[PDB]
Amino acid sequence: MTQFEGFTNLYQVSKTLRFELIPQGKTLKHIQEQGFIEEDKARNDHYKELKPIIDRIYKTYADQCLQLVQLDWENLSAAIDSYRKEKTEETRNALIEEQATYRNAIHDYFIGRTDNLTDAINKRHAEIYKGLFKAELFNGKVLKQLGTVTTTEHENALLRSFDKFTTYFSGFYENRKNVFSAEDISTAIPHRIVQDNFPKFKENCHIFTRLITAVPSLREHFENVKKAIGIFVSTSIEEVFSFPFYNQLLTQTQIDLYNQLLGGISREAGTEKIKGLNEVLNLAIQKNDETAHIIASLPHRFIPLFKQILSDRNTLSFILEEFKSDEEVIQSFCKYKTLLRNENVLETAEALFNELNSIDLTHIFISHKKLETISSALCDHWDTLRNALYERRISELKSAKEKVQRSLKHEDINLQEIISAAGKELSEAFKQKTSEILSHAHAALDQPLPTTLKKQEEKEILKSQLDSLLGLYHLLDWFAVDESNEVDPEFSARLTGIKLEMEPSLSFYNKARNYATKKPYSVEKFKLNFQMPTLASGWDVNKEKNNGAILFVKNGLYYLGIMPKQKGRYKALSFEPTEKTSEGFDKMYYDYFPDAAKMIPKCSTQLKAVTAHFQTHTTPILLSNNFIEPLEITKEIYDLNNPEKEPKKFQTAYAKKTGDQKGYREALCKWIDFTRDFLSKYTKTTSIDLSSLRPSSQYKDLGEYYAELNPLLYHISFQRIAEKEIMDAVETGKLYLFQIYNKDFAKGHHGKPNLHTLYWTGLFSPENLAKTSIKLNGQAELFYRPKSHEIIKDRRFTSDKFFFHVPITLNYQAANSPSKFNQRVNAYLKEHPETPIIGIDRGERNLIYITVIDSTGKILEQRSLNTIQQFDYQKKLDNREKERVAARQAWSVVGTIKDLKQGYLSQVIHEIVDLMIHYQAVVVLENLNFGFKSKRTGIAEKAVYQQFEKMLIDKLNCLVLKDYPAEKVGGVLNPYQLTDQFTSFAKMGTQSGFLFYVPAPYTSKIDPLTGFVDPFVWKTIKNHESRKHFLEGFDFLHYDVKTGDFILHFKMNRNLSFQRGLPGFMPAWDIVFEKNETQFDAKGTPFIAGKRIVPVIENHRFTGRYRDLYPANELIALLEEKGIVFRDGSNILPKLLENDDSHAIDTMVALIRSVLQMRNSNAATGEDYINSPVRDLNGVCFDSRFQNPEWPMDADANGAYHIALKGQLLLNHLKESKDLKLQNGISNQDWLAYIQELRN
RNA sequence: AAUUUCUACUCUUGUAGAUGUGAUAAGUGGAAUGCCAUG
DNA sequence: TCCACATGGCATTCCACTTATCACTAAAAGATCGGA
DNA sequence: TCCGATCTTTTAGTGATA
């Protein structure tokens, strides 16, 4: 018996708030005269310049370390193959433990505990490894022991510039700590070595082995192209794709040579490219041979390896040098232009072209690789000139035509034979386009260069000159200048004499593009330190001398106080907590023991003195300092904390590995009494009440006890401080005072406050002071950003500002992570079966469509959110897309989409949470592959497929309603928690709390009245005999005389090869070819019923736009075309199947394909709908154009509805199950069987 | 037509909703340019 | 499979864009600096 | 030239069933 309001305070969530600090008094003067802002700007610049040096040291240690790795890989290969062949759970855990073993084996080289290495280099690697995460990378001691990087004196001075400020690199350290770590982290060296690169190498090895086994005649070829690449010269082409060579494939250079072996060296522009592995695979594919088909059947693509983590990328391919500045590019192109007019190239080209217009053209030839380009630029189609020449060679003569077309691809043609093959329209089009191009070039040379390159117009005119010159170069590359044919030697020589100086314009074009499309520089905020090695890392009153960041509250306003260092020392300035009635600021007092799991052993067991006492003698030791009463450290407690093994005996890892529940329980009990009397005895924690703690033997584990213990030691009090002391503190410069500010703290604000402002007010409301549910955290950052009725546009960028970023944590009383959250949600859904279901369909046309269904599948509300607050976000986002791709092609600025997508997604998120709190329903969302959504966003990033999922998860993880009371469930004190804690999409399961991930196939293309899908696939129906065979499988066809319709009967025990093999429930189908007459909707608008939209096929494997069709009209036109009598209602199929002409059979398969076509779309006028081919058993032929609200209006509403009944299946399967866990998805066959059972 | 920041309006120098920051690393996808074969 | 309408394999720039980790700290301990 | 204050650094380690 649980409630909907019980889903609160499940787990901690961490957020960050941003504010603007307004200076108070003359403190803005005090930071200005002291010169801190420029000092932090130079410090950030120094850090940015020092980062390449320090990870140069990191890369040096890496490539010195993992070069010595030599391991077997057969166990991991067998584990991967076993898990891939049989996808069971225990095989998965075997794969994880093998991957962890190999990760530890790789990491031991960094650690220095590697078995195969001898002891001296082991201790050298260990003591060098001890220095990458301390101050040892700046004193040069690591540089002395590790290989001689030998940073120059400039970088030595740069390292001296960070003297006594190594804690600024502290966040860097935990960054690089993930590089050298083995706990399965995606930003680690051994995770990439084991889990990422090794399966790819195994795949390459296996596909190479089966490709050699299938066809070995290509075996020599790869060795040959290996001699083309000239790398791995001491290795065999079989040995490279063997497992042990992977012991070489760790350094960046070796994987670079592997990827370049797969790709091939690319030389400079103009010359050919050295072919590689995938190149020759594609070339063998494109032969249209039987060998091409068999290599097409197996996979025919080698996969490149991922880059190493911290290393840098090189190549053997040609790299084009980049233009350093805009002045250099405009100056160099001005000299290029002047040297080009000095060579009088334009009149030279005019001379050549009036020569080709006035001499015979049998002695001038055209290269065979440009016939398609000339055909596409000249005529409307690229296949015009090739087919014209092919038919002309036929007419001047089956097999002979094939050798003719084999000769056409590689033999160069003289241009008169093309003129005689084509028409004179080709000649005049050629002459006018040459006129157009040389007039463009003339305008290019006549027009002067722009003065600068800072704005768009100069960029676009320079682009215009460049592609005019380049198009002249392309037009120059049409002719076959080689003396292999009978080209005129003088004209060939002068065409080289123009083309060799037309060649560098292409490289100039690429250089200008590489300089031109750079992102324009923008002013960026940077971190302030205020000459302090640790700024605002904590709020504690002991560290308030060191961190120097405290807060004041003044009659509802909030202030940040910073204590600067006086004369380079820590001036311990304090205040007097006067009585409450005195006017003044209210200082917050912070009492925080950070985390007992790391403070307790550090402050009591992991000291130097206790260890020095305990190695030499075993007697227990009293500890006196920082204690009211000295605490006793016994032998067994230190053995529990330091057991010289990974499983600590109070940790449940020891209980899981061993099974001694009694000893683990007693060890846990003793450890809990030890931490109890330590918290009693310690100076900081002796004033904290600990009475809510249960007896020690009643505690299940360490994590639960820590979760209950943690929010007792977090405390905030408030003490009134005299105002005059604070004003003398700021006026003397001893205190930097700032005011936290946003939009809602202005005096003119009278509406509802922001959600972040609600969190900030809930932080300091006395209810949260009584019981801390939300918590102020440490590590608060300060940033400075330089500058970039009456209404001011972009007023916030007019002046330089100070910004404050502060982390908070909501649901602090709850545990850090939830336990069995999905079990709780399954329990609540099992106790509440009547809950609604919200189908969300994300699309590319209308984007987001919602449908609401009840427990019985009745529609409650359906909506397409193209227009929210009467604003068409879809159309605006589409035109933003159109101008983004237009600006990309025009070398303009590219902008961003994230802001507008975030605004529209915020509107739709508020809508769906409004309906969520109104209906207490669950949402259902289609499971989509990452590759599919990535390709969909690639063809059109108008779709929000992957972006909206993150916003839904983030909003449903921590949910606060602004209109709700604070103390009520859903307010800022008890926020709603309806989804699992977000970890990563890889470990995101099929169900995250109230959200479900349902399979994507077969949701849109389904009749909701009968559950009908198309059981055929039309790709298998290609030949005429296949069409006749499939026409044999139908039962019979009858012409209705009342309504003029056609009824075709079908049983799925026929046409099995032409069926897709998806057996539905209902064993009969009656396809209805309804008469194409005009019906009316609920609005009464006329519309012709049963019409279809079919793409217009141009020729074989060629399709254009789409055209409407009315299947009964052309069908009866077919029957009166052949003279078939059908008004008697006889069996039409045996009457028509005897006619063996292919045109007839093609017509009826076209009509039955069109009536079996479900999704009927027309984007030109924009009608999207479906028209069910099978009549409902109550005699209804469904069209969604009827606009009846009980059924979906359009096809995407239909898809969202079917996703909703898929979720209905999911919760029915939840109800009948007793394990309180969902099934691992559903299959298509069970889904369509279930919906056919429900419908009919 | 204003905002910690973003989106949408202008009745109030504002309104409605959203807003995990910093650091690091990798990957994806576009556009242009070439080399090579295909309809 | 869900989506379709000039291409496939690569190579080099440039751009946005996504995902995946880390902390979300006070005290212990060492380095340093001013005193006799 | 060696001690006592003090400022900077780094450090500590949990979660799953009777």
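Could you compute the FRET efficiency for residue A:525 and residue A:501, with r as their C-beta to C-beta distance and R0 at 30 Å, rounded to 0.05?
Values: r = 50 Å, r/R0 = 1.65.
Efficiency for this residue pair is about 0.05.
Applying the Karplus parametrisation 6.51 cos²θ - 1.76 cosθ + 1.60 with θ = phi - 60° to the phi angles of the range A:594-611, what ³J(HN,Hα) value in whole Hz is obtained for each residue in order, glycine and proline being reported as x?
Calculated HN-Hα couplings, in order: x, 7, 4, 4, 10, 7, 5, x, 5, 7, 10, 10, 9, 7, 5, 5, 5, 5 Hz.
Would you mind checking the range A:1065-1092 for residues with the amide N under 12 Å from a putative spin-label position 7 Å along Cα→C-beta of residue A:1240?
In the range A:1065-1092, the label zone of residue A:1240 (backbone N under 12 Å from the point 7 Å along Cα→Cβ) covers A:1065-1072.
What is the local net charge at residue A:1007, summed over the other residues whose Cβ is closer than 13 Å to its Cβ (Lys, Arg +1; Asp, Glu -1)?
Values: positive: A:1005, A:1159, A:1175, A:1239; negative: A:1014, A:1070, A:1176, A:1183.
Here the charged neighbours net out to 0.
Quick one: check the C-alpha center-to-center distance for the range A:701-745 versus the range A:428-457, whole angstrom.
One Cα centre to the other: 67 Å.
Going by C-beta contacts inside 10 Å, put A:803, A:930 in order with the fewest on the left. Show your work: numbers first, answer last.
Details: A:803 15, A:930 11.
Final ranking by Cβ density, sparse to dense: A:930, A:803.
So which of A:454/A:518; A:59/A:144; A:29/A:545; A:455/A:875 end up more than 18 Å apart, counting from Cα to Cα?
Numbers: A:454/A:518 12 Å; A:59/A:144 16 Å; A:29/A:545 23 Å; A:455/A:875 29 Å.
Going by Cα-Cα distance, A:29/A:545; A:455/A:875 fall outside the 18 Å limit.
From the cross-link list A:700/A:830; A:41/A:775; A:141/A:177, which pairs have alpha carbons spaced over 30 Å apart? All intermediate terms of the calculation are to be shown ahead of the outcome.
On the way: A:700/A:830 28 Å; A:41/A:775 32 Å; A:141/A:177 19 Å.
Where the Cα-Cα span goes over 30 Å, the pairs concerned are A:41/A:775.
Within the range A:871-967, report the trypsin sites (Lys or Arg not before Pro) that DSSP leaves as loop and that have at most 16 other Cβ atoms within 10 Å. Let's see the in-between values first.
Details: sites: A:875, A:876, A:880, A:882, A:884, A:888, A:898, A:901, A:933, A:935, A:936, A:942, A:950, A:955, A:962; in loops: A:942, A:962.
Passing both the DSSP loop test and the Cβ count: A:962.
At a Förster radius of 45 Å, what calculated FRET efficiency corresponds to the Cβ-Cβ distance of residue A:319 and residue A:741, to the nearest 0.05? Before the final figure, lay out the partial values.
On the way: r = 50 Å, r/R0 = 1.11.
Here the calculated transfer efficiency is 0.35.
Whole Å is fine, so just give me how far the alpha carbon centre of the range A:267-310 lies from that of the range A:800-828.
What the calculation gives is 49 Å, centre to centre.
Return the FRET efficiency for the residue pair residue A:1167, residue A:856: r is the Cβ-Cβ distance, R0 is 30 Å, and the value is rounded to the nearest 0.05. Working shown, then result.
Working: r = 30 Å, r/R0 = 1.02.
The computed FRET efficiency comes out at 0.50.
Counting only C-alpha contacts under 8 Å and six or more residues apart, can you give the relative contact order of the range A:163-295 as a whole percent? Can you show the working numbers first?
Values: 84 pairs, mean separation 19.2, N = 133.
Relative contact order comes out at 14 percent.
Can you pick out the pairs among A:324/A:459; A:287/A:1022; A:565/A:684 whose Cα atoms lie more than 21 Å from each other?
Values: A:324/A:459 16 Å; A:287/A:1022 23 Å; A:565/A:684 26 Å.
Distance filter (> 21 Å) returns A:287/A:1022; A:565/A:684.
Which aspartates and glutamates, on any chain, are close to residue A:1028 with Cα under 18 Å apart, when same-chain ones fewer than 8 places away are left out?
A:1138, A:1140, A:1141, A:1146
Is the range A:1024-1184 rounded, prolate or oblate when judged by the Cα gyration tensor, a ≥ b ≥ c being the square roots of its eigenvalues, rounded requiring a/c under 1.5 and prolate requiring a/b larger than b/c?
Details: a/c = 1.35, a/b = 1.20, b/c = 1.12.
It comes out rounded by the Cα gyration axes.
Given the DSSP H assignment, sum -39500 (n - 2.57) over each helix run of at least 4 residues in chain A and divide by its residue total; what's the result at 222 nm in deg cm²/dmol, nearest 500? List each step's numbers first, then the result.
Values: 43 runs with 532 residues, N = 1240.
Helix contribution divided over all residues of chain A: -13500 deg cm²/dmol.
Straight-line reach from residue A:370: which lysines have Cα under 17 Å away, leaving out those fewer than 8 places along the same chain?
Within the straight-line cut-off, residue A:370 pairs with A:409, A:433, A:499.
Using the basic label-point model (7 angstrom from Cα toward the beta carbon), what is the residue A:690 to residue A:111 distance in nanometres?
3.4
Please list, by residue number, everything in the range A:484-521 whose backbone N is under 16 Å from a paramagnetic label point 7 Å out along Cα→Cβ of residue A:896.
Flagged as within label range: A:519-521.
Report the GluC sites (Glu not before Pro) located in the range A:831-915 that are in a DSSP loop and have at most 12 other Cβ atoms inside 10 Å of their Cβ, or state none. Walk me through the numbers before you get to the answer.
Numbers: sites: A:831, A:834, A:844, A:861, A:881, A:883, A:911; in loops: A:834, A:844.
The qualifying sites are A:834.
Please go through the range A:103-139 and write out the trypsin sites (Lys or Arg not before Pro) that DSSP classes as loop and that have at most 15 other C-beta atoms within 10 Å.
The qualifying sites are A:113, A:130, A:134.
Just add up the charged neighbours of residue A:862: K/R +1, D/E -1, any other residue whose Cβ is under 11 Å from the Cβ of residue A:862.
Here the charged neighbours net out to -4.
Along the Cα→Cβ direction, 7 angstrom out, place labels at residue A:494 and residue A:461. What is the inter-label distance in nm?
3.4
Work out, step by step, the length gained on full extension between residue A:220 and residue A:391: first 0.36 nm times the residue separation, then minus their alpha carbon distance; give nm to one decimal. Before the final figure, lay out each step's value.
Details: separation 171, 0.36 × 171 = 61.56 nm, distance 3.98 nm.
Extending this stretch completely gives an extra 57.6 nm.
In nanometres, what is the gap between the two model label sites at residue A:752 and residue A:474, each 7 Å from Cα along Cα-to-Cβ?
So the two model labels end up 5.5 nm from each other.
Considering only C-alpha atoms, what is the centroid distance from the range A:179-241 to the range A:530-601, in Å?
Each part's Cα centre sits 58 Å from the other's.
Let me check I've understood the local charge: for residue A:767, count other residues with C-beta under 15 angstrom from its C-beta, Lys and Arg +1, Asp and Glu -1. What total comes out? Write down the numbers at each step before the final one.
Details: positive: A:771, A:775, A:968; negative: A:967.
Net of charged neighbours comes to +2.
For residue A:962, give me every one of the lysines with a C-alpha distance below 18 angstrom, ignoring sequence neighbours fewer than eight places off in its own chain.
In chain and number order, the partners are A:15, A:743, A:752.
May I ask you to compute the full-extension gain from residue A:367 to residue A:351, defined as 0.36 nm times their residue separation minus their alpha-carbon distance, rounded to one decimal in nm?
Values: separation 16, 0.36 × 16 = 5.76 nm, distance 2.14 nm.
Here the answer is 3.6 nm.
We did not get these values from a lab; they are worked out from the coordinates using the rules stated. When we count neighbours, we look across all protein chains shown, and the Cβ atoms used for this are built from the backbone with ideal geometry, even at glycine.
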